[PDB]
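Consider the single chain below, provided in structure tokens and representing the form deposited in one PDB entry.
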């Protein structure tokens, strides 16, 4: 086998994840591929009689009929089904990638929404803070055996706040806190994640990098999604990559004694949990007054109705999760935004005028080991200055 090393074009990456993920329930949807048709989900009144081991006891439980009690919530309403037009979103992207250049002049630009950000590695450092904060609220710990899974969460965070070229992410030109993407894959191998598991998380990361970049590079894409909650929700869950992060979180959290995780068998419950968390993310952001106005706002337009539709989907996602095999992990994952948004600096910084909170010594010492200082550029050599020992 002669050593070949040509890097894929952005168009070829898009085609690769098409071949890997295939179509979802809408023909022509690859790689925007979902198993569950949210519009066909049902919700039953709770019986009020539950066994001690029932899934309802996990996560945060808020019955649909109680939501009008919270002024920041309200009632629910079924959305109009726009799912079948996802193939039109794909064809649009296909056309955009056919004409877009392999490199944009603003690749590497900061898109965090916090104007005091000027160094992309400092933005990465704040993203590592955020990543560990999510991980903890999902139920995880900071133990060293999950280092590279936590780095994965960082890679999943940073393309939201920096415009990362998919090619540069792929070919190692882009580094997150000094790490290339391949470093993360190699580290996951060292941590014992199986090859097929790594490749799934890998393809989810390609898809995240691609969709994060597309919505920054294509001025028509976000306008095409807004107003169509089914399509917008499908897209925003890809840019958040809750599914890829979930797969690795399950790997880190499951006890091998309970038997191995059959991930294909769990694909539906995992998807539902990933969608549910993104809804609680925006539900809690709305309660903090930081959802309205952001460029990627999921509920833009008729905000009141779009939010009714999100709540409609959320309660149905959560009820289904009560009865899934991995409810002891996925219920909390699905509702985690309700407690991590009000506590995390990422969001309180937005409440506070889109500023930056200082990273105190305690947090800096945590973040230090996640920095590969040897591979930082000269202008970033002194990030996290209070975290060294």
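Residue numbers count along the first chain shown, from 1. If you superpose the two forms and keep the largest set of C-alpha atoms that fall within 1.5 Å, you have the rigid core.
What comes next is about the form deposited in another entry, which is not displayed.
Undergrad: Against the rigid core, a Cα displacement of 2 Å or more between this form and the one not shown applies to just one of 170, 123, 97, 203. Which?
TA: Only 97 moves by 2 Å or more at its C-alpha.
Undergrad: Indicate whether residue 221 shows a C-alpha shift of 2 Å or more between this form and the one not shown, with the rigid core used for the fit.
TA: It does shift by 2 Å or more.
Undergrad: Superposing on the rigid core, is the CA of residue 262 displaced by 2 Å or more between this form and the one not shown?
TA: Moves: yes, 2 Å or greater.
Undergrad: Closer or farther: how do the CA atoms of residue 75 and residue 227 lie in that other deposited form, compared with the form shown, if the change is at least 3 Å?
TA: So the answer is farther.
Undergrad: Specify closer or farther for residue 260 and residue 186: how their Cα atoms are spaced in that other deposited form versus the shown form, given a shift of 3 angstroms or more.
TA: The answer is closer, because the C-alphas of residue 260 and residue 186 approach each other in that other deposited form by 3 Å or more.
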